[PDB]
Amino acid sequence: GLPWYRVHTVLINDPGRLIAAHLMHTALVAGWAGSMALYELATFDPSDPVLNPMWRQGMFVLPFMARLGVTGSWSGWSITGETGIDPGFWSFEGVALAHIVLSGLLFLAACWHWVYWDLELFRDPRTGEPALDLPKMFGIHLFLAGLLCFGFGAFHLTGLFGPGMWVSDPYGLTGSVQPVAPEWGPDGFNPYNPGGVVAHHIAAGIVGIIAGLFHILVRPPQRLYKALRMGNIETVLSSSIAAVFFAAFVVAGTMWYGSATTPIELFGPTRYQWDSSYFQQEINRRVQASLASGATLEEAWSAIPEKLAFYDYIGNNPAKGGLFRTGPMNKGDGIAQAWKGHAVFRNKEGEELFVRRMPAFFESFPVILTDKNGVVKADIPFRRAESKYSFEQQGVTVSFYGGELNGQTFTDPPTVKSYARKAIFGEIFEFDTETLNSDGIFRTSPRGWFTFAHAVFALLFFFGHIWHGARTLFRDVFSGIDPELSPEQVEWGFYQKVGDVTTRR
Amino acid sequence: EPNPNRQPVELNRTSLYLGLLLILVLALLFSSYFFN
Amino acid sequence: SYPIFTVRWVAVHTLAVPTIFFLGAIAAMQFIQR
Amino acid sequence: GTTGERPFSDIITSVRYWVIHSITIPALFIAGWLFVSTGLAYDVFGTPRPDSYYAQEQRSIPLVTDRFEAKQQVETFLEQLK
Amino acid sequence: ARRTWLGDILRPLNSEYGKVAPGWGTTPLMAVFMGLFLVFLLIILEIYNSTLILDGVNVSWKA
Amino acid sequence: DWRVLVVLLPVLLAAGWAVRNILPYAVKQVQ
Amino acid sequence: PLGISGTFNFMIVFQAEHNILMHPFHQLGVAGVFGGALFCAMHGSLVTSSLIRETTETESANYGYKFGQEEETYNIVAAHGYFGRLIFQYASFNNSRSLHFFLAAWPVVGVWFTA
Amino acid sequence: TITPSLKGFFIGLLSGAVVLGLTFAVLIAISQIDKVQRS
Amino acid sequence: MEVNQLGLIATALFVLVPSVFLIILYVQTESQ
Amino acid sequence: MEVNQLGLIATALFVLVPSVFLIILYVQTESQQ
Amino acid sequence: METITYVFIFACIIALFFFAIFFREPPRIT
Amino acid sequence: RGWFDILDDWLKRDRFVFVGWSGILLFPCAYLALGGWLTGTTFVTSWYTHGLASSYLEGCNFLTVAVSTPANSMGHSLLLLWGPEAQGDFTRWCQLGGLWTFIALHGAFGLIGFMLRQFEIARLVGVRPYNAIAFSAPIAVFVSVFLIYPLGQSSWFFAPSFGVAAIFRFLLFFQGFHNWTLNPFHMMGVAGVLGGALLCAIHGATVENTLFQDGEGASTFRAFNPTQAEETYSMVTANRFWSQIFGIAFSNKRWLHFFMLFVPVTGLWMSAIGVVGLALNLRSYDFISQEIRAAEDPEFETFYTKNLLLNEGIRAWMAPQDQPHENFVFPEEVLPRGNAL
Amino acid sequence: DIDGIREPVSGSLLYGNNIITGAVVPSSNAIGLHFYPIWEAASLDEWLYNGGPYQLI
Ligand code: CLA
Ligand code: CLA
Ligand code: CLA
Ligand code: CLA
Ligand code: CLA
Ligand SMILES: CC1=C(/C=C/C(C)=C/C=C/C(C)=C/C=C/C=C(C)/C=C/C=C(C)/C=C/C2=C(C)CCCC2(C)C)C(C)(C)CCC1
Ligand SMILES: CC1=C(/C=C/C(C)=C/C=C/C(C)=C/C=C/C=C(C)/C=C/C=C(C)/C=C/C2=C(C)CCCC2(C)C)C(C)(C)CCC1
Ligand SMILES: CCCCCCCCCCCCCCCCCC(=O)O
Ligand SMILES: CCCCCCCCCCCCCCCCCC(=O)O
Ligand SMILES: [Fe+2]
């Protein structure tokens with residue numbers, strides 16, 4: 001009978017049961033979304049959006065509800081910290097319940113369409129055979145996609161009739177859902193301009209409405225119809241897969257690099273913010289300004305928001321994880337409790353020293369301190385017998401400004417060393433390692449896991465495009481080549497054009 | 001009014017052996033990483 | 001009665017004439033002293 | 001079969017072939033030799049001569065460190081060799 | 001086969017199986033739009049790549 | 001540049017030499 | 001060592017003390033096994049590409065071959081006609097015995113050099 | 001407002017068009033002269 | 001050794017679920 | 001709640017092993033008919 | 001538990017070897 | 001008979017080197033990738049991007065020449081010749097790494113054209129396109145290693161450079177930084193490549209040693225006619241031999257040759273997936289249970305802990321020279337070293 | 001004690017290994033190329049410590 005890898009081909013000439021199979025898949029996907037959200041709701045801790053945001057907690061679908069405006073729970077908390085809010089039906093719980101109900105209704109529709117497969121709508125009036133007019137279906141479905149895309153941009157994103165979308169400042173400190181006006185200028189194409197997302201959907205939606213109308217009304221030319229086997233539904237599978245892996249590579253890209261649609265308060269920082277010391281420069285800028293206004297070192301560093309220091313820490317860098325280090329980031333370094341303050345290192349000569357930071361490539365990294373000029377002035381040596389730069393020799397001390405340790409100074413070498421070992425990770429934080437039995441090993445964030453899964457799925461779907469693209473164009477020889485194939489066709493010299501039997505001699 | 005498109009499926013004994021071998025060897029490979 | 005200029009002719013010469021030029025360049029390099 | 005071109009064994013044993021390529025091959029070889037001996041290849045590609053890797057008393061490498069100022073950086077390294 | 005009220009209403013939308021415009025039809029017009037789209041995707045990519053830099057377009061989180 | 005013409009000189013010679021030795025048989029290549 | 005990670009330790013220490021990557025016999029061993037995998041795929045795909053139609057599309061094409069049958073199940077002239085055009089006509093085998101001897105010789109000689 | 005890189009973008013766009021245009025010009029011409037015979 | 005506790009069930013189902021699938025297909029092939 | 005961890009594997013196999021047995025027997029019955 | 005799991009899987013494979021060899025579908029000249 | 005059909009006739013003429021529509025993409029890009037590599041390894045330096053010599057002109061040999069990746073300060077720039085970094089200056093383009101993206105991008109499109117060629121030729125000749133399908137694994141490998149991997153890292157600097165010894169450096173980097181030998185996707189890739197070499201050698205040897213005597217000469221190659229209908233070796237005797245030598249044997253000639261396609265193709269695909277992981281540093285670097293025990297128990301040692309100590313040596317001893325843009329200054333006293341060495 | 005420096009390397013599943021890290025460990029460097037059958041050991045315990053099984057295998 002059929003090989004195990006071909007069981008689903010019985011749907012190829014059965015549009016009714018193909019719809020049933022497609023309904024069942026949709027019911028399965030919507031059920032997953034509902035289930036996933038309920039599981040995240042049962043485990044999410046909303047009590048600290050500063051040091052314990054969703055992306056430290058392994059939340060995966062929670063940020064996608066929050067991105068488009070679902071921000072609060074029926075139990076009265078919102079992910080922006082406000083207590084005593086009333087979100088109405090469209091809470092996290094309401095969204096989940098809505099997907100569960102949707103799943104069960106699609107399940108019943110699937111049953112009906114599987115039993116009543118022999119609908120006259122699916123049979124060609126001329127020939128009585130099952131037939132689908134795929135050029136016209138594409139026109140209908142394209143028209144609908146355009147309407148939905150326009151409507152989503154014109155109403156939901158603008159706030160004309162809808163909540164808007166997540167927007168934030170450049171350092172992810174003050175995000176919230178806000179209506180967004182379209183940016184129609186050249187900056188609309190800047191992936192970091194959220195106005196471009198609105199304009200895109202308005203414009204593209206209209207183009208889709210128009211193209212949809214064209215494809216409902218104008219038949220494909222005979223040349224293109226034959227070239228692309230438009231009477232064979234597998235040609236659609238082949239091009240649909242191609243479009244889908246194209247989309248998958250794009251979302252993997254924008255998740256890894258960042259854009260207005262992948263904000264850092266929902267998915268965590270990018271690795272490039274660590275590479276360019278993006279948060280550290282902004283922190284330094286604010287410290288400089290306060291010292292200008294005649295603030296003390298203690299006052300200037302105390303003015304730094306804990307949320308901003310927390311971004312300047314390599315444990316939030318998504319390129320620090322491992323493929324089999326599972327779970328939330330809190331399972332690794334622990335649940336962050338407080339900023340300890342900014343550590344300043346000085347040698348016996350009073351000169352300020354700076355710990356060289358760990359680059360994301362390195363699982364481990366030595367502890368090296370340089371001066372403003374980059375001259376090495378202290379380190380923790382491996383071989384002790386000929387060391388010149390040890391902390392004991394150089395009289396290294398550490399003082400904290402801001403945070404919990406504000407105004408403290410440690411001079412004993414063991415303590416100064418353990419703080420220097422943390423400063424290679426950036427700002428130093430207090431962590432609760434007990435609650436989750438954390439093991440001390442960095443994990444990646446949802447941005448990392450999203451990017452990995454979608455880059456991998458995209459690559460596999462390329463193979464699916466190639467496979468179904470070949471079965472479309474080579475359907476005539478799928479079961480083998482012609483048993484009476486002539487050597488004249490395949491040997492050289494007989495035909496002036498390869499394959500064309502009319503070009504003899 | 002039965003559906004004309006139904007087909008029997010087959011798996012011969014050799015394919016069972018090959019398939020069982022694939023699964024067991026894949027389990028033997030990844031189990032260390034699952035336990036971590 | 002064979003053609004002298006064919007697609008084949010262009011193909012073999014697109015490779016061959018740069019190759020000999022490069023061999024001469026590399027040969028001369030064996031005499032560069034520092 | 002044959003797709004219509006002259007056989008290769010035919011061409012290379014032919015006198016007309018060697019007449020033509022007794023000149024072209026050595027000429028191309030000489031042109032390449034000259035390309036390096038005139039020093040031209042250094043200037044086309046920007047490859048350091050043995051004396052222009054470092055300035056006389058410097059031990060650091062002229063690494064480009066800016067994306068858009070890059071061409072500018074290389075030219076400044078080059079003028080410090082004078 | 002089986003007739004339904006909904007089937008009858010939708011029936012015209014699934015009735016022109018295999019009907020084609022003669023010859024090349026709108027193929028030249030499609031090629032124009034494809035070429036336009038190519039150039040437009042090129043601009044989007046090169047902006048994101050910082051290979052094409054436009055006044056007032058600062059491809060950075062600071063935006 | 002004087003280095004550009006010395007490098008090209010044997011190439012131009014080798015090109016003109018082959019064209020003069022095949023010109024009858026190439027002109028005969030017709031249509 | 002007789003272990004998975006032990007093999008890796010052996011390989012790393014070997015590179016340290018012999019620079020095996022820069023040794024031409026190992027470079028020949030890599031051509032041997034890369035080449036063998038390449039030619040394994042080539043030969044598999046070319047014979048598979050020219051199987052003679054013997055089955056319908058609801059059955060495995062493998063049922064087109066019966067254990068012990070006298071005739072071949074693929075058209076080597078078709079495979080040569082495809083592969084000769086993919087490269088050029090003489091880069092392709094038309095002698096099955098020459099082709100299969102090549103399949104044996106390349107990885108075997110390669111792995112002799114790496115051993 | 002044309003930037004230096006926008007001018008570079010157009011340079012490469014027109015460079016691409018010429019290279020592609022010359023290619024299909026040569027090939028169409030050759031295809032017209034050296035035709036295939038059908039009896 | 002302090003291993004991941006869910007690794008046992010993950011390994012167990014990794015084996016059982018695809019294995020049972022094959023066995024089901026094979027036994028029904030034999031009985032027809 | 002501090003539940004017995006093996007309770008999960010015990011439960012899963014308790015469901016899976018006899019259920020799979022029945023499914024095997026049923027499907028090969030159907031392909032006889 | 002992990003030691004038992006590794007050995008269990010290994011032992012199933014050896015059992016599969018036995019059936020694959022001694023209880024194969026016999027190749028028949030057909 | 002429009003101009004399109006006339007162009008189609010000439011493109012598909014049976015000539016010594018078949019062209020086709022796919023030839024329009026394949027030949028320009030393949031020739032320029034090839035020629036770009038030869039040009040760079042002969043004449044072009046890596047001094048300004050890497051601090052390295054890399055051409056014959058500088059005194060390198062075939063093993064040490066490379067077209068090296070651009071500097072890390074270029075990020076993922078396309079490095080167009082007319083783009084904002086080189087600004088049309090060919091000499092500066094070469095010095096900044098432009099030949100690397102030049103080879104990598106023309107090479108990607110050349111690979112596309114080669115696969116389209118396999119489809120085109122298979123369709124004209126009337127054979128199934130399984131060979132085009134097999135070629136997706138080299139494409140998977142090329143895209144994952146040369147494009148996806150550096151796109152997830154900081155810049156093109158960290159992609160493989162195009163050279164023999166440069167690729168060896170890549171190998172060792174992946175051991176010391178990614179612990180890539182421990183990765184099960186690479187382990188499946190290894191199995192597929194060595195298993196493909198195994199299948200290649202065992203199948204060729206089996207056929208050569210179960211041949212029928214179809215001639216009288218001692219060289220057996222002449223006793224084969226490509227148009228003969230009959231098998232040239234004995235499947236029945238081959239099967240009995242391996243059944244009694246090894247326990248099992250192939251009995252289906254079609255399954256055998258499909259298996260030879262499947263094994264190495266699947267192997268390369270699996271290894272590609274593991275490299276996509278490494279783009280994000282999602283390594284299989286450690287075993288957590290081993291680290292917890294080792295940290296508490298100074299007498300616990302396995303080949304896993306021994307290999308990490310090696311990785312730590314690779315990283316610290318090779319990083320300052322391998323990533324010169326970082327300006328790593330590691331004093332001698334911090335370099336990890338065992339006794340005496 | 002693979003390296004003959006009294007630093008035993010654990011290779012077996014029961015002593016904390018998994019499939020990927022486990023190994024039969026080569027025999028002691030103190031033995032060099034000397035033949036070390038079971039019957040040259042004073043006891044099985046000695047033979048195990050010094051890597052006897054590797055030679056036998
Ligand atoms: C004023 C009108 C307007 C405005 C302001 C926008 C604004 C935008 N559009 Mg939209 N667009 C419009 C009209 C408009 N659009 C119209 C009328 C259409 C036609 C219907 C489109 C069609 C369109 C498409 C098809 C896409 C956009 C995208 C975008 C975004 C670009 C920024 C970005 O993240 O790119 C990021 C995307 C790119 C830089 C391009 C990716 C190209 C890569 C190189 C392809 C690689 C393919 C290859 C197989 C993969 C190889 C893998 C290997 C290299 C790793 C932005 C929101 C892009 C988007 O949504 O991005 C999130 C996008 O893909 N637009
Ligand atoms: C009935 C309508 C409806 C509504 C309002 C929602 C709303 C929501 N869903 Mg649910 N969903 C629905 C139906 C719905 N869903 C159905 C039917 C399914 C089953 C398939 C799901 C399955 C599902 C999953 C699996 C998940 C959600 C999630 C979500 C949330 C985020 C949505 C998001 O980011 O989308 C993003 C959507 C897109 C980016 C659309 C992609 C558009 C591409 C570009 C298509 C391009 C092709 C097109 C033809 C081109 C046109 C060309 C142009 C010119 C017009 C949000 C609360 C997420 C969540 O939080 O779950 C808890 C989530 O993970 N949904
Ligand atoms: C797009 C898919 C996607 C992504 C990106 C995420 C991402 C995330 N999830 Mg979610 N999840 C998903 C789908 C996804 N999930 C689905 C479909 C389910 C239903 C099962 C869940 C159920 C779920 C739970 C129950 C939990 C998460 C959690 C998490 C987080 C940690 C994940 C982790 O540790 O990974 C571990 C990943 C791996 C170890 C990778 C495994 C891949 C192996 C190697 C299999 C492939 C081998 C294969 C057999 C090869 C065969 C080869 C053959 C051809 C020969 C992270 C934010 C956790 C969290 O923190 O929640 C709060 C959590 O507890 N998720
Ligand atoms: C929209 C996506 C899509 C759709 C609708 C199809 C549909 C089809 N495929 Mg294609 N295919 C796709 C994507 C898709 N494919 C991709 C991405 C790949 C590359 C990996 C392939 C590779 C492929 C091959 C190589 C073959 C097909 C075949 C088939 C046909 C029979 C499938 C069957 O019976 O499976 C039955 C499958 C099973 C009984 C079990 C498969 C279990 C898999 C291996 C793991 C379990 C997955 C799990 C549920 C996770 C869900 C996936 C989700 C996360 C994305 C059918 C028309 C076959 C064909 O052409 O027949 C003529 C065939 O030979 N497909
Ligand atoms: C198959 C041919 C081919 C292909 C695919 C490529 C591809 C590429 N080359 Mg290469 N190149 C080629 C041949 C080719 N080249 C040849 C023959 C030469 C020798 C002169 C070169 C010399 C060369 C150099 C020196 C460089 C490249 C570069 C590049 C890259 C950037 C190109 C770019 O941005 O184009 C932009 C141009 C276009 C996309 C063409 C646009 C086409 C028109 C304008 C569309 C207009 C629409 C119109 C209305 C529709 C009409 C419809 C019709 C029916 C009439 C890219 C990877 C660059 C590179 O590698 O950088 C790292 C680079 O520096 N190429
Ligand atoms: C009937 C009904 C109802 C109900 C409903 C329900 C109850 C539903 C549910 C549903 C659900 C509850 C569903 C779910 C689903 C799920 C899913 C679908 C899953 C999937 C998964 C997967 C697929 C996975 C995979 C994987 C793994 C495992 C590992 C890793 C990798 C991956 C991810 C691939 C109501 C009352 C409403 C109405 C009326 C009727
Ligand atoms: C990049 C570029 C380009 C292109 C270029 C080209 C196209 C080039 C070519 C080039 C070439 C094309 C070259 C070649 C060379 C070659 C050579 C250099 C060879 C050598 C060889 C040898 C040495 C061999 C020998 C041997 C051995 C070793 C062993 C065995 C035996 C024999 C004899 C085989 C252009 C213009 C667009 C502009 C832009 C840039
Ligand atoms: C109860 C408090 C909030 C008020 C409810 C708002 C009304 C519900 C709006 C939900 C969004 C629906 C638009 C999604 C697309 C609709 C068309 C469709 O796809 O079927
Ligand atoms: C600011 C820029 C200054 C301009 C300097 C001139 C550089 C232009 C050289 C471009 C040569 C053609 C390369 C691209 C042609 C191929 C593109 C394609 O075929 O798709
Ligand atoms: Fe064979």
# chains A, B, ... in the order shown; residues from 1 in each chain; ligands from 1
$ closest_atom_pairs --of "chain C" --to "chain D" --cutoff "9 Å" --atoms "only C-alpha atoms" --output "Markdown table"
| residue | atom | partner | partner_atom | distance |
| --- | --- | --- | --- | --- |
| C:1 | CA | D:6 | CA | 8.7 |
| C:2 | CA | D:6 | CA | 5.6 |
| C:3 | CA | D:5 | CA | 6.6 |
| C:4 | CA | D:6 | CA | 7.9 |
| C:6 | CA | D:5 | CA | 7.6 |
| C:8 | CA | D:5 | CA | 8.1 |
| C:17 | CA | D:28 | CA | 7.0 |
| C:18 | CA | D:28 | CA | 8.2 |
| C:19 | CA | D:29 | CA | 9.0 |
| C:20 | CA | D:29 | CA | 5.4 |
| C:21 | CA | D:32 | CA | 4.4 |
| C:22 | CA | D:32 | CA | 5.9 |
| C:23 | CA | D:29 | CA | 6.7 |
| C:24 | CA | D:29 | CA | 4.4 |
| C:25 | CA | D:32 | CA | 4.4 |
| C:26 | CA | D:33 | CA | 7.5 |
| C:27 | CA | D:33 | CA | 7.0 |
| C:28 | CA | D:33 | CA | 5.3 |
| C:29 | CA | D:36 | CA | 7.1 |
| C:32 | CA | D:37 | CA | 8.8 |
| C:33 | CA | D:50 | CA | 8.4 |
| C:34 | CA | D:50 | CA | 5.6 |
$ interface_residues --of "chain H" --to "chain L" --cutoff "6 Å" --atoms "only C-alpha atoms" --output "list in words"
residues 5, 8, 28 and 31 of chain H
$ write_last_selection --atoms "C-alpha atoms" --output "short mmCIF file (atom, residue, chain, number, x, y, z; two decimals), in the first residue's frame"
data_model
loop_
_atom_site.label_atom_id
_atom_site.label_comp_id
_atom_site.auth_asym_id
_atom_site.auth_seq_id
_atom_site.Cartn_x
_atom_site.Cartn_y
_atom_site.Cartn_z
CA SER H 5 25.75 56.56 -1.02
CA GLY H 8 26.59 55.08 -5.36
CA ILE H 28 19.44 37.58 -28.62
CA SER H 31 20.28 33.34 -31.19
#
$ residues_near_ligand --ligand "ligand 9" --cutoff "12 Å" --atoms "only C-alpha atoms and all ligand atoms" --output "VMD selection string"
(chain E and resid 38 to 39 42 51 to 52) or (chain H and resid 2 to 24) or (chain L and resid 24 to 29 32 79 to 93 102 105 to 106 109)
$ interface_residues --of "chain B" --to "chain A" --cutoff "12 Å" --atoms "only C-alpha atoms" --output "ChimeraX atom specification"
/B:1-12,15-16,19,30-36
$ residues_near_ligand --ligand "ligand 2" --cutoff "9 Å" --atoms "only C-alpha atoms and all ligand atoms" --output "JSON, numbers by chain"
{"A": [25, 26, 27, 28, 29, 30, 31, 32, 33, 34, 35, 36, 37, 38, 60, 61, 62, 63, 64, 65, 66, 67, 68, 69, 70, 90, 92, 95, 96, 98, 99, 102, 103, 106, 141, 142, 143, 144, 145, 146, 147, 148, 149, 150, 201, 203, 204, 205, 206, 207, 208, 209, 210, 211, 212, 243, 244, 247, 251]}
$ write_last_selection --atoms "C-alpha atoms" --output "CSV table (one decimal), in the first residue's frame"
chain,number,residue,atom,x,y,z
A,25,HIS,CA,-4.3,21.9,11.9
A,26,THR,CA,-5.7,25.3,12.7
A,27,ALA,CA,-7.6,23.9,15.8
A,28,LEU,CA,-4.3,22.3,16.9
A,29,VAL,CA,-2.4,25.6,16.6
A,30,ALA,CA,-5.0,27.8,18.3
A,31,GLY,CA,-5.2,25.2,21.1
A,32,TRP,CA,-1.4,25.4,21.5
A,33,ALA,CA,-1.6,29.1,21.9
A,34,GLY,CA,-4.3,28.9,24.5
A,35,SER,CA,-2.5,26.2,26.4
A,36,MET,CA,0.8,27.9,26.2
A,37,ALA,CA,-0.6,31.2,27.6
A,38,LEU,CA,-2.4,29.4,30.5
A,60,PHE,CA,7.4,33.1,25.1
A,61,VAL,CA,3.8,34.0,24.1
A,62,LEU,CA,3.3,36.6,26.9
A,63,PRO,CA,5.4,39.2,25.0
A,64,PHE,CA,3.4,38.6,21.8
A,65,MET,CA,0.1,39.4,23.5
A,66,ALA,CA,1.8,42.5,25.2
A,67,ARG,CA,3.3,43.7,21.9
A,68,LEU,CA,-0.2,44.4,20.4
A,69,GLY,CA,-1.8,45.8,23.5
A,70,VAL,CA,-2.8,43.0,25.9
A,90,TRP,CA,-9.3,41.1,26.7
A,92,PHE,CA,-4.2,37.5,29.1
A,95,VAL,CA,-7.1,35.9,25.0
A,96,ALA,CA,-6.2,32.3,26.1
A,98,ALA,CA,-10.8,32.8,23.3
A,99,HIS,CA,-8.2,30.6,21.6
A,102,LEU,CA,-11.8,28.8,18.8
A,103,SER,CA,-9.9,25.5,18.8
A,106,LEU,CA,-12.6,24.5,14.4
A,141,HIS,CA,-7.6,35.1,-0.5
A,142,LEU,CA,-5.3,37.9,-1.6
A,143,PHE,CA,-8.2,40.4,-1.5
A,144,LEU,CA,-9.1,39.2,2.0
A,145,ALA,CA,-5.4,39.4,3.2
A,146,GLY,CA,-5.2,43.0,1.9
A,147,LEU,CA,-8.4,44.0,3.7
A,148,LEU,CA,-7.2,42.5,7.0
A,149,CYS,CA,-3.8,44.0,6.6
A,150,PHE,CA,-5.2,47.4,5.8
A,201,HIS,CA,0.3,47.9,6.6
A,203,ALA,CA,0.0,50.9,2.0
A,204,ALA,CA,0.7,47.2,1.5
A,205,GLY,CA,-3.0,46.5,2.4
A,206,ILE,CA,-4.2,48.8,-0.3
A,207,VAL,CA,-1.8,47.2,-2.8
A,208,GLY,CA,-3.1,43.8,-1.7
A,209,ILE,CA,-6.7,44.8,-2.2
A,210,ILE,CA,-5.9,46.0,-5.7
A,211,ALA,CA,-3.7,43.1,-6.6
A,212,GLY,CA,-6.5,40.8,-5.2
A,243,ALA,CA,7.3,32.5,0.8
A,244,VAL,CA,7.1,31.0,4.2
A,247,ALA,CA,9.3,35.3,6.0
A,251,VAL,CA,11.6,37.5,11.5
$ residues_near_ligand --ligand "ligand 8" --cutoff "9 Å" --atoms "only C-alpha atoms and all ligand atoms" --output "list in words"
residues 87, 88, 89, 90, 91, 148, 151, 152, 156, 161 and 162 of chain A
$ residues_around --residues "residue 26 of chain E" --least-positions-apart "2" --cutoff "10 Å" --atoms "only C-alpha atoms" --output "number ranges by chain"
A: 218-221, 224; E: 21-24, 28-31
$ write_last_selection --atoms "N, CA, C and O atoms" --output "tab-separated table (two decimals), in the first residue's frame"
chain	number	residue	atom	x	y	z
A	218	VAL	N	-8.58	38.83	-13.91
A	218	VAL	CA	-7.78	38.56	-15.10
A	218	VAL	C	-7.24	37.14	-14.99
A	218	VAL	O	-6.61	36.78	-13.99
A	219	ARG	N	-7.48	36.34	-16.02
A	219	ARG	CA	-6.99	34.97	-16.03
A	219	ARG	C	-5.47	34.95	-16.26
A	219	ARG	O	-4.92	35.86	-16.89
A	220	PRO	N	-4.78	33.93	-15.76
A	220	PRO	CA	-3.35	33.81	-16.05
A	220	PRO	C	-3.11	33.54	-17.50
A	220	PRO	O	-3.92	32.85	-18.18
A	221	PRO	N	-2.02	34.04	-18.08
A	221	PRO	CA	-1.71	33.73	-19.47
A	221	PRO	C	-1.32	32.27	-19.63
A	221	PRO	O	-0.71	31.67	-18.74
A	224	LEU	N	2.32	31.27	-18.67
A	224	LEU	CA	2.59	31.13	-17.24
A	224	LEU	C	1.82	29.96	-16.64
A	224	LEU	O	2.34	29.26	-15.76
E	21	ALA	N	-5.85	33.24	-20.22
E	21	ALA	CA	-5.66	34.26	-21.24
E	21	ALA	C	-4.75	33.71	-22.34
E	21	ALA	O	-3.79	33.00	-22.05
E	22	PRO	N	-5.04	34.00	-23.61
E	22	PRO	CA	-4.20	33.45	-24.68
E	22	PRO	C	-2.76	33.94	-24.60
E	22	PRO	O	-2.49	35.07	-24.22
E	23	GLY	N	-1.84	33.04	-24.93
E	23	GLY	CA	-0.46	33.44	-25.17
E	23	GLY	C	0.25	33.94	-23.92
E	23	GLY	O	0.22	33.31	-22.86
E	24	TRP	N	0.91	35.10	-24.07
E	24	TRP	CA	1.70	35.69	-23.00
E	24	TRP	C	0.90	36.61	-22.09
E	24	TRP	O	1.39	36.95	-21.00
E	28	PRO	N	4.38	40.67	-19.69
E	28	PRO	CA	5.25	41.86	-19.65
E	28	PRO	C	4.93	42.82	-18.51
E	28	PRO	O	5.86	43.40	-17.93
E	29	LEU	N	3.66	43.00	-18.18
E	29	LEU	CA	3.31	43.88	-17.07
E	29	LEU	C	3.80	43.31	-15.74
E	29	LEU	O	4.29	44.05	-14.88
E	30	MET	N	3.68	42.00	-15.57
E	30	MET	CA	4.16	41.36	-14.35
E	30	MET	C	5.67	41.53	-14.18
E	30	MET	O	6.16	41.77	-13.06
E	31	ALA	N	6.43	41.43	-15.27
E	31	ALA	CA	7.88	41.58	-15.18
E	31	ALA	C	8.25	42.98	-14.71
E	31	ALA	O	9.21	43.15	-13.94
$ decode --residues "segment 28-39 of chain D" --atoms "C-alpha atoms" --output "short mmCIF file (atom, residue, chain, number, x, y, z; two decimals), in the first residue's frame"
data_model
loop_
_atom_site.label_atom_id
_atom_site.label_comp_id
_atom_site.auth_asym_id
_atom_site.auth_seq_id
_atom_site.Cartn_x
_atom_site.Cartn_y
_atom_site.Cartn_z
CA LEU D 28 51.07 35.92 -21.71
CA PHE D 29 53.68 34.45 -19.39
CA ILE D 30 56.00 37.39 -20.03
CA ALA D 31 53.15 39.85 -19.44
CA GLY D 32 52.45 38.30 -16.04
CA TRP D 33 56.14 38.28 -15.17
CA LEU D 34 56.29 41.99 -16.06
CA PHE D 35 53.16 42.65 -13.99
CA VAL D 36 55.15 41.74 -10.87
CA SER D 37 58.68 42.83 -11.91
CA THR D 38 57.58 46.38 -12.82
CA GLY D 39 56.15 46.55 -9.28
#
